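Q: As a preliminary step, the opening chains of the complex are given here in situ:
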Amino acid sequence: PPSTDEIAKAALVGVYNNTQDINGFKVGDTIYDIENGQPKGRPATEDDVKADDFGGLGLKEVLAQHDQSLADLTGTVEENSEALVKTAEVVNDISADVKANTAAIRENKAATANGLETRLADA
């Protein structure tokens, strides 16, 4: 069987490894495992750091980076939403002016006494 002493040491080493998973590690930090039922330390190299799923940052630090990313990205998305509204307002305005002008173009597309005397004269 494993003695109480071996169990205890394996638990302590396990705890250390989870603590590095949570809090991160860097070049030169001790990395521990169990060998001959004894804890054995060696220094983390840059290869160990690169082999870690998150480059040794630890879960807490990656989560903090995600908080910053989320807040920043939400800010850009908010700026884009407002730009969309402003653009839609302008476009509707332009849509009214193009129709008013169309109607104007349509509209502007408009294109005895004698016997007595004789007897006397005879004398």
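A: Nice, I can see it. Numbering: from 1, shown residues only, chains lettered A, B, ... in the order given.
Q: Roughly how far does the most centrally placed residue in chain A sit from residue A:50?
A: Chain A has residue A:77 as the residue nearest its centroid, 4.1 Å off, counting by C-alpha atoms, centre = their mean. To residue A:50, residue A:77 is 33 Å away according to C-beta to C-beta, to the nearest Å. Backbone N, C-alpha and C define where each C-beta goes, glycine included.
Q: Kindly report the same for residue A:120.
A: Distance, residue A:120 to residue A:50, using C-beta to C-beta: 181 Å.
Q: now residue A:104
A: For residue A:104, the distance to residue A:50 (C-beta to C-beta) stands at 70 Å.
Q: ok, now residue A:99?
A: Relative to residue A:50, residue A:99 is positioned 63 Å away (C-beta to C-beta).
Q: biggest helix in chain A by residues?
A: helix A:59-108 (DSSP state H).
Q: who are the neighbours of the next helix or strand after that helix, in terms of helices and strands?
A: The first helix or strand that comes after helix A:59-108 along the chain, using DSSP states H and E, is helix A:113-121. If you count contacts as 3 or more C-beta pairs under 8 Å, 6 or more residues apart in numbering; DSSP states H and E, helix A:113-121 packs onto no helix or strand.
Q: add chain B to the structure above, sequence below:
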Amino acid sequence: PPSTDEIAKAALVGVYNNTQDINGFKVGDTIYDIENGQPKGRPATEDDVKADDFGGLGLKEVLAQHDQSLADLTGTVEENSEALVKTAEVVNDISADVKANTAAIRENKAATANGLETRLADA
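A: Following on from the chains above, chain B is added here:
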């Protein structure tokens, strides 16, 4: 050296601390450390909660909040993408009408017997 008993107790306390990191803690939860090689508990105060990198939420809960944020933010981004397409369609439509009207404005910008008788008469 540290006895088996001290190793075991330090491992148990280490486990408890990682478990609080993962699952969170709140005011009044016991916080444990090792003193004189013995585990020692004290109550978490609001100062301890505030001093934690994630306010005592724990890694699981912060990750759940990130799941909700991601799903919500992706929904807004999806709404913005569709608004963009609808806006582009309308704008292209307007772009066709402004050119048709321009051409119309261009186009509408258009702006013996006698001797015998005598001898007789003599008589």
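Q: quick one on the thing from earlier: contacts only, for the residue nearest to the centre of chain A.
A: Applying C-beta atoms under 8 Å, 6 or more residues apart in numbering or on different chains to residue A:77 gives the contacts B:73, B:76-77, B:80.
Q: got it, and residue A:18?
A: Residue A:18 touches residue B:18, counting by C-beta under 8 Å, 6+ apart.
Q: could you say which helix or strand contains it?
A: Going by DSSP H and E, residue A:18 is in helix A:4-23.
Q: Let me know the next secondary structure element after that helix.
A: Using DSSP H and E, the helix or strand that follows helix A:4-23 in sequence is strand A:30-35.
Q: hey, C-alpha coordinates of the helix or strand just after that following strand in CSV?
A: The helix or strand immediately downstream of strand A:30-35 is strand A:38-43, counting by DSSP H and E. Extracted C-alpha coordinates of strand A:38-43, given in CSV (Å, rounded to 0.1, in the frame of the first residue of the first chain):
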residue,chain,number,x,y,z
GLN,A,38,9.0,11.6,-2.6
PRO,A,39,8.3,15.2,-3.8
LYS,A,40,10.9,16.4,-6.3
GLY,A,41,11.3,19.9,-7.6
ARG,A,42,12.9,21.3,-10.7
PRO,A,43,13.0,24.8,-12.2
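Q: here's chain C, drop it onto the model above:
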Amino acid sequence: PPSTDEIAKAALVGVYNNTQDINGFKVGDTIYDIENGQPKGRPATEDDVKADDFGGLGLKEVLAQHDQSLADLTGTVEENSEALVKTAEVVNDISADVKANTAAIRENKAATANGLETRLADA
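A: Chain C, in position alongside the others:
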């Protein structure tokens, strides 16, 4: 009291559980607890997997999924930002053409000798 042996075993089991929280588990993985101060294993069923807050993925894997989501979503948001700029440029262009045409429509909306002789004749 709890013996050193019980403390050690409880620490080892605690470590295993945190390690599954961090790294994930799947159907058929051993799940351990403490019973009669002894560690006791049983196989994870699909019910256990479903009962886990993240379906047994583990914190590292959920964080990796969040990295992929963040990078992808940031890419869409970047595409939307550029589409917005291109749309705004086009709209401003159209806004200039609608005003030029308006002014054109306005402008095109334009709509003794005798006594001597007698004495002689008498002879």
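Q: now that chain C has been added, could you go back to the contacts of residue A:18?
A: Per C-beta under 8 Å, 6+ apart, neighbours of residue A:18: B:18, C:15, C:18-19, C:22.
Q: Can you lay out these as CSV showing distance to residue A:44?
A: What follows is the contacts of residue A:18, written out as CSV (distance: C-beta to C-beta, whole Å):
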residue, distance to residue A:44
B:18, 19
C:15, 20
C:18, 21
C:19, 19
C:22, 18
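Q: Could you work out the most separated pair of these?
A: C:15 and C:22 (10.5 Å; C-beta to C-beta).
Q: And the two? Which one has more around it.
A: residue C:15 (26 against 19; other C-beta atoms under 10 Å in any protein chain shown).
Q: what's the neighbour count on the closest residue to the more buried one other than its chain neighbours?
A: What sits nearest to residue C:15 in space, not counting adjacent residues and going by C-beta to C-beta, 6 or more residues apart in numbering or on different chains, is residue A:14, at 3.7 Å. Neighbour count for residue A:14, taken as other C-beta under 10 Å: 24.
Q: got the contact list for residue A:14?
A: Residues in contact with residue A:14 (C-beta under 8 Å, 6+ apart) are B:11, C:12, C:15-16, C:19.
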